[PDB]
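Beneath this line is the structure, given in structure tokens, with notes to follow.
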Amino acid sequence: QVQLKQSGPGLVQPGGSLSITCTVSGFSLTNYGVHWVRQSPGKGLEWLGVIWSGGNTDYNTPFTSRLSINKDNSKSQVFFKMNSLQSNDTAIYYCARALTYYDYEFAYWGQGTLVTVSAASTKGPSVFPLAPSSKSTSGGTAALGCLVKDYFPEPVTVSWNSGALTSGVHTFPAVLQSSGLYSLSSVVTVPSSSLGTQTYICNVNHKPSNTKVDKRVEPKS
Amino acid sequence: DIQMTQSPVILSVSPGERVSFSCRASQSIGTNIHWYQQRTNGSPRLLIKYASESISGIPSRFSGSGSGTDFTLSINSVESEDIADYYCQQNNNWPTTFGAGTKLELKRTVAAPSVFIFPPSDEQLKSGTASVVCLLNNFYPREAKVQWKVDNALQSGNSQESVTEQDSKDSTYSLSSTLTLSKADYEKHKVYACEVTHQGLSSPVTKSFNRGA
């Protein structure tokens with residue numbers, strides 16, 4: 001099947017440059033163009049440019065002087081580079097392929113890459129448990145979680161038990177603290193009868209700081 | 001460049017109903033419009049191309065219509081998996097451009113939140129700060145209010161909250177609120193309380209704990 005897979009998120013300083021790699025499978029770059037689209041809360045979805053089968057490029061008008069797209073056909077990789085970055089370039093960047101070699105009907109999308117443009121420095125999170133309580137177990141169900149505190153930039157990814165626990169999980173949108181650092185919580189509701197035997201571990205990954213923190217969440221004695 | 005205008009911003013619909021999304025172009029685009037679904041934290045998914053043409057793997061309940069400047073995406077019999085944002089795209093005129101999205105909300109019966117309070121962890125307290133967390137789980141509708149009280153005094157200026165997007169399995173929301181204190185301030189007070197109001201609650205619900213007990 002057709003797949004597009006992107007490099008990870010990261011922080012760039014104002015005035016610097018970003019580089020994103022899109023690795024494709026299921027089709028050849030010699031037969032399809034690959035397009036780039038970004039999405040932000042403030043500007044919505046915005047088409048950025050394309051590299052066509054034969055290597056020609058088109059860049060959307062706002063970006064002609066600071067965008068470069070090239071590729072490695074033999075390795076099925078497309079490289080997106082953008083220069084002179086400012087705050088309003090913070091966005092999720094996607095690569096995409098159309099149904100037909102020449103068209104813009106985007107049937108296949110990468111997973112997206114969050115690029116943050118800010119003068120701040122990267123900081124990985126501290127992770128604290130939100131232990132299940134005894135006076136707080138409502139009708140056979142208990143709530144527990146993890147507090148993911150004081151990191152920059154977004155995003156963090158949280159899983160529970162390495163992906164084996166997905167039902168009842170709520171990972172909340174991050175809040176920006178007045179310190180300029182993000183915090184979020186992730187919770188899960190589980191059977192009260194399970195709390196003595198079942199282990200619950202929250203897995204927190206922050207690619208920009210290359211940190212992965214696993215925290216076991218236990219009833220207290 | 002062509003502006004694509006989607007209105008309204010949010011469409012709230014009951015399960016099983018037919019829902020229609022509007023997209024209008026600032027100049028005629030013929031039938032050169034495509035539609036996408038984007039679920040929370042997901043990538044766009046192509047639903048319809050060229051105003052009305054079907055896409056492999058998309059349920060038959062999705063269809064599109066229109067020509068010129070006035071276009072519609074329709075879902076017959078909407079269901080929970082349709083909870084998402086919906087975008088239009090024109091490509092009659094370079095550069096291709098996108099609408100700003102319409103959010104689909106599915107109505108359901110009123111559900112009061114289940115409320116949980118979490119003291120700061122001993123590990124956090126080591127480092128000089130105390131975060132108290134209040135969870136409001138699986139409620140509808142989205143409006144909810146949290147009040148923090150410390151020794152029965154209403155707190156202001158030291159909390160932040162976050163709300164999830166609508167859950168595609170049960171059509172509810174959840175909310176987390178964090179009260180942040182210094183360890184020194186935390187250890188000066190006894191009763192920590194989260195007080196919750198919601199349409200499904202005829203009286204406020206309070207969850208509290210006594211520090212150290």
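As a basis for the values below, the full set of heavy atoms in this structure was taken, side chains included, without hydrogen atoms, waters or symmetry mates. In what follows, every chain begins at residue 1, and chains take the letters A, B, ... in the order their sequences are listed.
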What do the steps show when you test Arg66(A) against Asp89(A) for salt bridge (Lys or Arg N to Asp or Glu O under 4.0 Å), and what is the final call? CA-CA 12 Å; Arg66(A) 54 191 192 107; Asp89(A) 294 312; 2.9 Å; yes
Side chain to side chain donor-acceptor pair (under 3.5 Å) partner of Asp214(A), the single match among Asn161(A), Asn203(A), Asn205(A): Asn203(A)
Under 30°, 30 to 60°, or over 60°: which ring-plane class applies to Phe98(B) and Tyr36(B), parallel, tilted or perpendicular? tilted
Is there a side-chain contact between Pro44(B) and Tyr87(B) in this structure, where contact means two heavy atoms from C-beta onward sitting under 4.5 Å apart? no
Give the minimum heavy-atom separation between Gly124(A) and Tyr151(A), together with the two atoms involved. C-CB, 4.0 Å
Can you confirm whether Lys207(B) sits close enough to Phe116(B) that some side-chain heavy atom of one is under 4.5 Å from a side-chain heavy atom of the other? no
Could you check whether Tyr32(A) and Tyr101(A) have their ring centres less than 6.0 Å apart? no
Does the side chain of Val34(A) come within less than 4.5 Å of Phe80(A)'s, by heavy atoms? no
Parallel under 30°, tilted from 30 to 60°, perpendicular over 60°: which one fits the rings of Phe152(A) and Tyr182(A)? parallel
How far apart are the C-alpha atoms of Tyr94(A) and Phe106(A), what are their side-chain angles, what is the distance that settles it, and do they pass the ring-ring contact (aromatic ring centres under 6.0 Å, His included) test? CA-CA 11 Å; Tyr94(A) 296 96; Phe106(A) 301 127; over 10 Å; no
Would you check, one step at a time, whether the test salt bridge (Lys or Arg N to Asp or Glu O under 4.0 Å) holds for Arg108(B) with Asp170(B)? CA-CA 9 Å; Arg108(B) 60 155 288 153; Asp170(B) 69 9; 5.1 Å; no
Test salt bridge (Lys or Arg N to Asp or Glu O under 4.0 Å), reference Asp82(B), set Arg39(B), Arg45(B), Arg61(B), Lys103(B), output is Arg61(B)
Please test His35(A) against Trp52(A) for ring-ring contact (aromatic ring centres under 6.0 Å, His included), starting from the C-alpha separation and ending with a verdict. CA-CA 8 Å; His35(A) 301 247; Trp52(A) 297 110; 5.4 Å; yes
Mutual orientation of the aromatic rings belonging to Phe21(B) and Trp35(B) [parallel < 30°, tilted 30-60°, perpendicular > 60°]: tilted
Is the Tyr108(A) to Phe27(A) ring centre distance short of 6.0 Å? no
Less than 4.5 Å apart, side chain to side chain, heavy atoms only: is that true for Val217(A) and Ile201(A)? no
Taking 4.0 angstrom as the limit, do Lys107(B) and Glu17(B) come out as a salt bridge? no
